[PDB]
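Sequences listed follow chains A, B, C, D and E, in order.
Just add 1122 to wherever you are in the first sequence, counting from 1, and you've got this note's numbering.
Just add 59 to wherever you are in the second sequence, counting from 1, and you've got this note's numbering.
Just add 6 to wherever you are in the third sequence, counting from 1, and you've got this note's numbering.
Just add 323 to wherever you are in the fourth sequence, counting from 1, and you've got this note's numbering.
Just add 2 to wherever you are in the fifth sequence, counting from 1, and you've got this note's numbering.
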Amino acid sequence: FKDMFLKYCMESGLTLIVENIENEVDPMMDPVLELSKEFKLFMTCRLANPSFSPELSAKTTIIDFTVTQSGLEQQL
Amino acid sequence: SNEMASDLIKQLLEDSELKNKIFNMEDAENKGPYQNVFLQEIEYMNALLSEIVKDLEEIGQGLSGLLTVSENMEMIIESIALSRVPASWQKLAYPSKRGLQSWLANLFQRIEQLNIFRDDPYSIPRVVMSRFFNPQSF
Amino acid sequence: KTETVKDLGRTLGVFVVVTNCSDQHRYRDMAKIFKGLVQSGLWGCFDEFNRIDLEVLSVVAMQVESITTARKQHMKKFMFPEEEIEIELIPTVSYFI
Amino acid sequence: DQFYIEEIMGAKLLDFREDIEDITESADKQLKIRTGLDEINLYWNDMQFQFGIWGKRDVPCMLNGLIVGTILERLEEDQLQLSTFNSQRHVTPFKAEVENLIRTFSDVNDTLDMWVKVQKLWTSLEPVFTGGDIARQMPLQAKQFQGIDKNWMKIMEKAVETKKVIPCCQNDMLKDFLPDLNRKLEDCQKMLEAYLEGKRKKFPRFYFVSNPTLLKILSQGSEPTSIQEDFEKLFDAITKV
Amino acid sequence: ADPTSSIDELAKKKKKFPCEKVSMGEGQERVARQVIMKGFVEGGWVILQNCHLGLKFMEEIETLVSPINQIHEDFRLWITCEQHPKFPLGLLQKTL
C-alpha cells in the first residue's frame, strides 16, 4: 500500500480509501495529502473520542458520525 | 499401444540399459564347459534382446521422428494394435503368447536373473547354486 | 516440581524422561513419545506442557484418554489411535505435566 | 527531421503552443519512460549468472541460485514499473517491446519456481539412497528414484548447455515433467512412512531418538567403536563398557 | 456444569439420531469441516466442544453458516466455549 496503492491512485485515481486511522500517521501519508487531476481520497477513523493533533485538524475537516440515543428514537 | 513402447524403454530398459547391451568380461572361454554352456545362452538372449530393442526404437523414430513408412511399419502397428508381437518375435525365440501383457515382464525377470547368473560376484566362477529357455542342454 | 517428580522416579527406581513442549510441537512426536512410554515402562515429565498449541492439547487429550482406558482394564494388548499396528503395554508407566 | 527555425516559426508558436506543449511535455516524459525501458532491458539482458553447486560427486553437477531472492524481487518491481508505464497515458511506443519482455519474465518466474522446489525435494532425497542397506531393503522406490535421477540429470545438462536461465525456463518440455515428478515423490513419501512404521517397531527405547542419529546407531560397522559414544542418550547413566 | 447430557437426551426424543461430536483442536479443523459438510447434506446435529481454545476455526464458522451455501433443513449447531477474550465477535454478534 505504501508504494503501489499510492502510485496507482496518484497517477490513475483509484480513490485510495483508508479505514484504520488510530491517531498514528505514517509520515509518508502527509506529503501525499498536501499529481493526477482525477484523484480524490476519503479516509476515516474507527474508535470514538479522538485525540487528533492540532495540525491534523488544520488539514482535514472533522465530522462526527456518532449517532446518539436521540437519533435512535426517530428510527424506532 | 504406441506410446508405452517408447515409454517402457524409459520405464524398463532404463534399468536394463546395461543388460540389453552387456558384454561378458574377457575371462574368455575357460575350463568349465557349463561356463561355456552359460555363455552361449547369454549371447543368445543378449543378441535377441538387442534385436528387440532396435525394433522398439526404430518404431519410435517412425512415430515421433522423421522416417518414411515402410512395410514393417504397418505390420508392427497392426501387431501392436493387435497387442500380439508379430511372427518375427516368435521366430527368434518362444516366450509366452500375449506379446504385450506382462510378456516383457517374463523376459524382464528372465534377463534380470540371467544377469545375476553371469555376474553375481559369486557366479563369476560360474557357480550359481523357471528362467531357462533350454533346460535339456543344462 | 520437576525435581520432586524426578526424585519420586529415582526412589522408585524407574527411569524418568523429561521433555520440553513448545509452540512448534505437533502430535506425531507426542504420539511417538507416548508409544515409547507405554512400550518401555518409563516415566514421562512434559515440562512446560502448557506452552503448546491448543490443537495439540486436544489431540493429546484423545491419545492420553485412550491409553488411560487401556491401562484401566489391565489388558496386556491394546490399540493406539492413528496407528494401525496393535501395540503392547507395561503397567508401571506414568504421565506428568 | 529537416527544416529551420524560420519554418518552425512560420508554424505560429503562440497559437500552436498548446499542441507543441502537449507534445513537449509528452516527449519529456517519453524520454523518461524510454530510459526507464532502455536501462532495464540493458540490465536484464546482462543479468548476473552465479550459481552455487552442491558438488561434483558424480558426472553431472546440480546447482541452485543463492541470489534468486534478488532475481525474484527485482522481477516483481520490474513488472511493476512496466505495468505502471503501460497504464499511464503517454506510453505509445513501448507496447511492442514491453509486452514481450513482461511475457518472458512472467514465464521464467513460474518455471524457476517449479524447478527450484523439485530441486529441494531431490536434494532432500539424495543421502537417503546413498546408503546401501536401505537401498537394498527397499529396491522399488530406489530404482524409481534412479529414474527421476536420470530425468533430473538430463534437465541439469540442458540447463548447463543453455547457460542462461531465461531460455532454460523457456524450454517447454520441462513444464510437463516437474508435476509428475512431484506426485511420484509423494507416492515415495507414502511408502517411506510405511517403512518408518516398520522401523519404529524395533527396540522401543529408540522412540527417544531422532531419525539421522538412529541411522548412525544402526550403521555400526564395528562392535566397540560405533556405539561407545551413544550409551548416554540410550540409557540413563551408563557411559562406558 | 454441562448440558451435554441434556442436549443429547434432546437429540434422542425429538430427533431420532445421535448427534456427532468433535472436540476442538488439531487434526480437527478438517475433521470438523467434513462432519459439518455431512451435516449440511443430511441435516444431522453437530456438537463442537472446547471452543474457548483453537479459535482459528471459529472465524471460519460465520462464513460457513450463510445463505449462500445452501443447507438442508433440521441442521442445528451447538457451540460450547469458556471465558477467553481475544475471541472475535463474528459469531458473538450472530448466535444464541
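We put the beta carbon where it would ideally sit given N, CA and C, even for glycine.
Query raised in the report: Using a C-beta cutoff of 8 angstroms, does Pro527 (chain D) count as contacting chain C?
Result: yes
Query raised in the report: Applying a beta-carbon distance threshold of less than 9 angstroms, which residues of chain A neighbour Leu403 (chain D)?
Result: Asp1125, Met1126, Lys1129
Query raised in the report: Given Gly158 (chain B), which residues of its chain have a CB within under 7 angstroms of its CB, disregarding the five upstream and five downstream residues?
Result: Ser142, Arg143, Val144, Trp148
**Report entry** Expected contact under 8 angstroms - CB spacing of residue 221 (chain B) and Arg185 (chain B) to nearest Å
**Finding:** There is simply no residue 221 (chain B) to check, as chain B begins at 60 and stops at 197 in what is shown.
Query raised in the report: Which ranges does the alpha helix (DSSP H) cover as unbroken runs of at least 4 residues, wholly within the region 450 to 521 of chain D, from first to last along the chain?
Result: 455 to 460, 462 to 485, 488 to 493
Query raised in the report: Where do the N-terminal and C-terminal ends of the alpha helix (DSSP H) with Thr75 (chain C) fall, by residue?
Result: 60 to 78
Report task. Tell whether a beta-carbon distance below 8 angstroms holds between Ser72 (chain C) and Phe86 (chain C). Result -> yes
Requested in this report: Let me know the secondary structure DSSP gives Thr562 (chain D) once reduced to three states.
Outcome: coil
**Report entry** Under the three-state DSSP convention, the category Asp66 (chain B) falls into
**Finding:** helix
**Report entry** Candidates C:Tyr101, C:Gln69, C:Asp59, C:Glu94, of which the one nearest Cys27 (chain C) by Cα
**Finding:** C:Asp59
Query - Interface partners of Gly470 (chain D) on chain B, CB under 9 angstroms - result: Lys69, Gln70, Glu73, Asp74
Requested in this report: Determine, using beta carbons only, whether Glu22 (chain E) comes closer than 8 angstroms to chain C.
Outcome: no
Query raised in the report: For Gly50 (chain C), does the three-state DSSP call read helix, strand or coil?
Result: strand
Requested in this report: Leaving aside the five residues before and after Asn193 (chain B) along the sequence, list all residues of the same chain whose C-beta is less than 8 angstroms from its C-beta, in chain order.
Outcome: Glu100
Query raised in the report: Does the distance from the C-beta atom of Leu107 (chain B) to that of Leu151 (chain B) stay below 8 angstroms?
Result: yes
Query raised in the report: Of all the residues that make up the region 40 to 72 of chain C, which are near chain E by a beta-carbon distance shorter than 9 angstroms?
Result: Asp59, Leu60, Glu61, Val62, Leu63, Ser64, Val65, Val66, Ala67, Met68
Query - Beta-carbon proximity check, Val391 (chain D) vs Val431 (chain D), cutoff 8 angstroms - result: no
Report task. Could you tell me the distance, in whole angstroms, from the CA atom of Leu1163 (chain A) to the CA atom of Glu344 (chain D)? Result -> 30 angstroms
Query - Local Cβ density within 10 Å of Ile328 (chain D), reported as buried at 16 or more and exposed below that - result: exposed
Query raised in the report: Which class does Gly388 (chain D) belong to by DSSP, given the choice of helix, strand or coil?
Result: coil
Query raised in the report: How should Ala13 (chain E) be labelled, buried or exposed, when 16 other C-beta atoms within 10 angstroms of its C-beta is the threshold for buried?
Result: buried
Query raised in the report: From A:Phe1123, A:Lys1129, A:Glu1156, A:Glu1141, pick the residue whose C-alpha is nearest to that of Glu1177 (chain A); which is it?
Result: A:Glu1156
Query raised in the report: Would a check of beta-carbon distances place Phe21 (chain C) closer than 8 angstroms to chain D?
Result: yes
Requested in this report: Classify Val43 (chain E) as buried or exposed, calling it buried when 16 or more other Cβ atoms lie within 10 Å of its own Cβ.
Outcome: exposed
Requested in this report: Name, please, each residue of chain C whose Cβ falls closer than 8 angstroms to the Cβ of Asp559 (chain D).
Outcome: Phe21
Query raised in the report: When the Cα atoms are used, what is the spatial distance from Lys513 (chain D) to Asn1142 (chain A)?
Result: 47 angstroms
Query raised in the report: Do you know how far the Cα of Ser406 (chain D) is from the Cα of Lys486 (chain D)?
Result: 29 angstroms
Query raised in the report: Which parts of the region 4 to 28 of chain E are runs of the beta strand (DSSP E), unbroken and 3 residues or longer, counting only runs that do not cross its ends?
Result: 22 to 25
Report task. Using beta-carbon positions only, say whether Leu71 (chain B) and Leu173 (chain B) come within less than 8 angstroms of one another. Result -> no
Query raised in the report: Relative to the C-alpha of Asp456 (chain D), which residue among D:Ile356, D:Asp342, D:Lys539, D:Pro416 is closest?
Result: D:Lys539
**Report entry** 8 angstroms Cβ cutoff met for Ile376 (chain D) and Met385 (chain D)
**Finding:** yes
Query - Span of the alpha helix (DSSP H), counted from its first residue to its last, around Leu122 (chain B) - result: 92 to 122
Query raised in the report: Pick from A:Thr1190, A:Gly1193, A:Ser1175: whose alpha carbon is nearest that of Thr1183 (chain A)?
Result: A:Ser1175
**Report entry** DSSP-derived helix/strand/coil call for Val44 (chain C)
**Finding:** helix
Query - Residues near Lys498 (chain D) by beta carbon distance below 8 angstroms, same chain, minus five either side - result: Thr434, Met437
Query raised in the report: If you count every other CB in all the chains shown that lies within 10 Å of the CB of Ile91 (chain C), and 16 or more means buried, which is it?
Result: exposed
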